[PDB]
Structures are given as C-alpha cells and as structure tokens.
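Data from data_2.txt: compact mmCIF, N, CA and C atoms
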# COMPACT_ATOMS: atom_id res chain seq x y z
N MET X 1 138.07 183.52 98.21
CA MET X 1 136.75 182.90 98.39
C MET X 1 136.85 181.40 98.12
N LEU X 2 135.78 180.64 98.37
CA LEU X 2 135.82 179.19 98.20
C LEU X 2 134.83 178.74 97.13
N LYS X 3 135.16 177.63 96.46
CA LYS X 3 134.37 177.07 95.38
C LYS X 3 134.87 175.64 95.19
N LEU X 4 134.42 174.72 96.05
CA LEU X 4 135.08 173.43 96.17
C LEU X 4 134.68 172.48 95.05
N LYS X 5 135.63 172.23 94.14
CA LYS X 5 135.49 171.25 93.09
C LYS X 5 135.74 169.87 93.69
N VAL X 6 134.69 169.23 94.23
CA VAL X 6 134.84 167.94 94.86
C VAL X 6 135.29 166.91 93.83
N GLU X 7 136.54 166.47 93.94
CA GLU X 7 137.12 165.50 93.03
C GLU X 7 136.51 164.13 93.25
N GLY X 8 136.40 163.34 92.17
CA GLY X 8 135.87 161.99 92.25
C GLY X 8 137.02 161.01 92.48
N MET X 9 137.66 161.10 93.65
CA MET X 9 138.82 160.29 93.96
C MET X 9 138.44 158.81 94.09
N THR X 10 137.26 158.53 94.65
CA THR X 10 136.80 157.16 94.82
C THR X 10 135.32 157.06 94.49
N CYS X 11 134.83 155.83 94.32
CA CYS X 11 133.43 155.58 94.02
C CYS X 11 132.93 156.46 92.89
N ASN X 12 133.80 156.73 91.90
CA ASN X 12 133.44 157.58 90.78
C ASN X 12 132.36 156.93 89.92
N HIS X 13 132.08 155.65 90.15
CA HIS X 13 131.02 154.96 89.44
C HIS X 13 129.68 155.25 90.09
N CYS X 14 129.71 155.90 91.25
CA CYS X 14 128.52 156.24 92.01
C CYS X 14 128.57 157.72 92.39
N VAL X 15 127.66 158.14 93.27
CA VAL X 15 127.62 159.50 93.75
C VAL X 15 127.31 159.51 95.24
N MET X 16 127.75 160.56 95.94
CA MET X 16 127.53 160.70 97.36
C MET X 16 127.20 162.16 97.66
N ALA X 17 126.60 162.42 98.82
CA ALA X 17 126.28 163.77 99.23
C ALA X 17 127.46 164.35 100.01
N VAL X 18 127.93 165.53 99.59
CA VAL X 18 129.06 166.19 100.24
C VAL X 18 128.55 167.22 101.24
N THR X 19 127.25 167.55 101.17
CA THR X 19 126.66 168.59 101.99
C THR X 19 126.93 168.40 103.48
N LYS X 20 126.84 167.16 103.97
CA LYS X 20 127.04 166.90 105.39
C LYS X 20 128.48 167.16 105.82
N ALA X 21 129.43 167.12 104.88
CA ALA X 21 130.82 167.33 105.22
C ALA X 21 131.11 168.80 105.47
N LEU X 22 130.44 169.70 104.74
CA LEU X 22 130.74 171.11 104.81
C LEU X 22 130.22 171.74 106.10
N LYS X 23 129.03 171.33 106.56
CA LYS X 23 128.41 171.96 107.71
C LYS X 23 129.18 171.74 109.00
N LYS X 24 130.02 170.71 109.06
CA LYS X 24 130.73 170.40 110.29
C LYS X 24 131.73 171.49 110.66
N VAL X 25 132.12 172.33 109.69
CA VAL X 25 133.07 173.40 109.97
C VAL X 25 132.34 174.56 110.63
N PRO X 26 132.86 175.07 111.75
CA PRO X 26 132.29 176.19 112.47
C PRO X 26 132.09 177.39 111.55
N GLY X 27 130.97 178.10 111.73
CA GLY X 27 130.68 179.31 110.97
C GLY X 27 129.83 178.99 109.74
N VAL X 28 129.85 177.74 109.29
CA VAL X 28 129.04 177.34 108.15
C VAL X 28 127.60 177.16 108.63
N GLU X 29 126.65 177.81 107.96
CA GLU X 29 125.25 177.71 108.33
C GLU X 29 124.40 177.31 107.13
N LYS X 30 124.88 177.61 105.92
CA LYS X 30 124.19 177.21 104.70
C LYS X 30 125.19 176.48 103.80
N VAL X 31 124.70 175.51 103.03
CA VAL X 31 125.53 174.73 102.14
C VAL X 31 124.72 174.36 100.90
N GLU X 32 125.38 174.29 99.74
CA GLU X 32 124.72 173.90 98.51
C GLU X 32 125.71 173.17 97.60
N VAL X 33 125.32 172.01 97.07
CA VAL X 33 126.19 171.23 96.21
C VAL X 33 125.48 170.92 94.90
N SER X 34 126.27 170.66 93.85
CA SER X 34 125.74 170.28 92.55
C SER X 34 126.46 169.01 92.11
N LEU X 35 125.79 167.87 92.27
CA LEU X 35 126.39 166.58 91.97
C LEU X 35 126.69 166.44 90.48
N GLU X 36 126.01 167.22 89.63
CA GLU X 36 126.22 167.15 88.20
C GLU X 36 127.39 168.04 87.78
N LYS X 37 127.64 169.12 88.52
CA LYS X 37 128.70 170.05 88.16
C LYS X 37 129.98 169.77 88.95
N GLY X 38 129.90 168.90 89.96
CA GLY X 38 131.08 168.52 90.73
C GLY X 38 131.54 169.65 91.64
N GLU X 39 130.65 170.58 91.99
CA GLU X 39 131.02 171.71 92.81
C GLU X 39 130.31 171.66 94.16
N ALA X 40 130.89 172.35 95.14
CA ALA X 40 130.39 172.42 96.50
C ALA X 40 130.59 173.83 97.04
N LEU X 41 129.48 174.55 97.23
CA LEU X 41 129.50 175.92 97.71
C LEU X 41 128.98 175.96 99.14
N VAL X 42 129.47 176.94 99.91
CA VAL X 42 129.01 177.17 101.26
C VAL X 42 128.78 178.66 101.46
N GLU X 43 128.07 179.03 102.52
CA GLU X 43 127.87 180.42 102.87
C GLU X 43 127.99 180.56 104.38
N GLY X 44 129.21 180.80 104.85
CA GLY X 44 129.50 180.90 106.27
C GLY X 44 130.72 181.78 106.50
N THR X 45 131.17 181.85 107.76
CA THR X 45 132.29 182.69 108.15
C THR X 45 133.46 181.83 108.60
N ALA X 46 133.57 180.61 108.05
CA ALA X 46 134.64 179.70 108.43
C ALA X 46 135.95 180.15 107.79
N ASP X 47 137.06 179.53 108.20
CA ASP X 47 138.35 179.85 107.62
C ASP X 47 138.49 179.11 106.29
N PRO X 48 139.34 179.63 105.39
CA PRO X 48 139.57 179.04 104.09
C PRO X 48 140.10 177.61 104.20
N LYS X 49 141.07 177.39 105.09
CA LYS X 49 141.72 176.10 105.22
C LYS X 49 140.80 175.12 105.93
N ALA X 50 139.92 175.62 106.81
CA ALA X 50 139.06 174.75 107.59
C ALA X 50 138.06 174.05 106.70
N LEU X 51 137.61 174.72 105.64
CA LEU X 51 136.61 174.15 104.76
C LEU X 51 137.23 173.06 103.89
N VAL X 52 138.34 173.38 103.23
CA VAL X 52 138.99 172.46 102.31
C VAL X 52 139.60 171.28 103.07
N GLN X 53 139.90 171.45 104.36
CA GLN X 53 140.47 170.36 105.13
C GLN X 53 139.37 169.41 105.58
N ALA X 54 138.18 169.96 105.85
CA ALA X 54 137.05 169.17 106.30
C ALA X 54 136.64 168.14 105.25
N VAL X 55 136.57 168.53 103.97
CA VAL X 55 136.18 167.58 102.94
C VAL X 55 137.30 166.58 102.71
N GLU X 56 138.54 166.98 103.00
CA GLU X 56 139.68 166.09 102.84
C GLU X 56 139.66 165.05 103.95
N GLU X 57 138.97 165.37 105.05
CA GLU X 57 138.83 164.46 106.17
C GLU X 57 137.95 163.28 105.76
N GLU X 58 137.10 163.50 104.75
CA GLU X 58 136.24 162.45 104.22
C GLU X 58 136.97 161.72 103.10
N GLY X 59 138.14 162.24 102.70
CA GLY X 59 138.94 161.61 101.67
C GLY X 59 138.69 162.23 100.31
N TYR X 60 137.95 163.35 100.26
CA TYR X 60 137.63 163.99 99.00
C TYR X 60 138.10 165.44 99.00
N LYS X 61 139.29 165.67 98.44
CA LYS X 61 139.84 167.01 98.31
C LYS X 61 138.98 167.81 97.33
N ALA X 62 139.18 169.13 97.27
CA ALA X 62 138.38 169.97 96.40
C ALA X 62 139.13 171.25 96.03
N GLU X 63 139.40 171.42 94.73
CA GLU X 63 140.09 172.59 94.22
C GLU X 63 139.22 173.84 94.32
N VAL X 64 139.54 174.73 95.26
CA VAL X 64 138.88 176.02 95.37
C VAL X 64 139.06 176.78 94.06
N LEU X 65 137.98 176.95 93.29
CA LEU X 65 138.06 177.65 92.02
C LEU X 65 138.03 179.15 92.28
N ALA X 66 139.14 179.70 92.77
CA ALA X 66 139.25 181.11 93.08
C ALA X 66 140.63 181.62 92.68
Just give me the structure as structure tokens.
Amino acid sequence: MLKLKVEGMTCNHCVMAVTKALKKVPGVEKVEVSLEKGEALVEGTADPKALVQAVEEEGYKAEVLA
C-alpha cells in the first residue's frame, strides 16, 4: 500500500500543496494530504511506482510508510 511521507527537500522554510501532484497519476480519483504531518494519502487504482514517481517529478520524493 502507499503512504507518501513527502520529504521537505526544498523550500522547507515554507509549505506547498502536494495534492495536485498525486491526481495526475491515472486511477487516482481522491487525494488527501496533511501539511502538518508531512504525509500524502491517495485512494485510487494506480500502480505503486507510478504514484511515488509522480511526486518525484515535482522534485519531492516520499517514503511509502508500508
């Protein structure tokens, strides 16, 4: 399963929305993020690698806590 710990690789002095990054992956229809907990959850039928690669496309990797 997926549980993306969005790392603060850059702009760690600020915050950004990761939600728009997750939806771009096919099969994703719902998304939920917690800017305070540093986590990014989705609810779709996408592939495991497709999700974690999509956020890396924005330059923000995320440790699947699974």
Could the centre and edge lengths of an axis-aligned box, enclosing all atoms of stretch 13-19 of chain X in the file with 8 Å extra on each side, be given in Å to one decimal as lines of an AutoDock Vina configuration file?
center_x = 129.2
center_y = 161.8
center_z = 96.5
size_x = 21.8
size_y = 29.6
size_z = 30.0
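For the choices X:14, X:64, X:54, X:22, the atom-to-atom distance to residue X:35 is smallest for X:14 when using only C-alpha atoms.
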All residues 8 Å or closer to residue X:18, only N, CA and C atoms, same chain fewer than 2 positions away omitted, as a ChimeraX atom specification:
/X:15-16,20-23,32-35,40,55
Those in chain X with alpha helix (DSSP H) from DSSP, as a VMD selection string:
chain X and resid 19 to 23 48 to 57
Ranking X:31, X:46, X:62, X:52 by minimum distance to residue X:19 and counting only C-alpha atoms, which one comes first?
X:31
Atom C of residue X:13 to atom C of residue X:49, straight-line distance in Å
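Here the two named atoms are 27.7 Å from each other.
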One decimal, in Å: what's the spacing between atom N of residue X:12 and atom CA of residue X:63?
17.2 Å
So how far away is atom N of residue X:36 from atom CA of residue X:1, in Å?
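Interatomic distance here is 20.9 Å.
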Could you list, as a VMD selection string, every residue within 7 Å of residue X:30, counting all atoms listed in the file and ignoring same-chain residues fewer than 5 positions away?
chain X and resid 23 41 to 44
Using only N, CA and C atoms, find the one residue out of X:25, X:61, X:10, X:3 that sits nearest to residue X:47.
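Between X:25, X:61, X:10, X:3, the residue approaching residue X:47 most closely is X:25.
With only C-alpha atoms as the atoms that count, the residue of X:45, X:38, X:50, X:60 with the shortest distance to residue X:5 is X:38.
Closest approach to residue X:28 among X:66, X:51, X:6, X:11: X:51, based on only C-alpha atoms.
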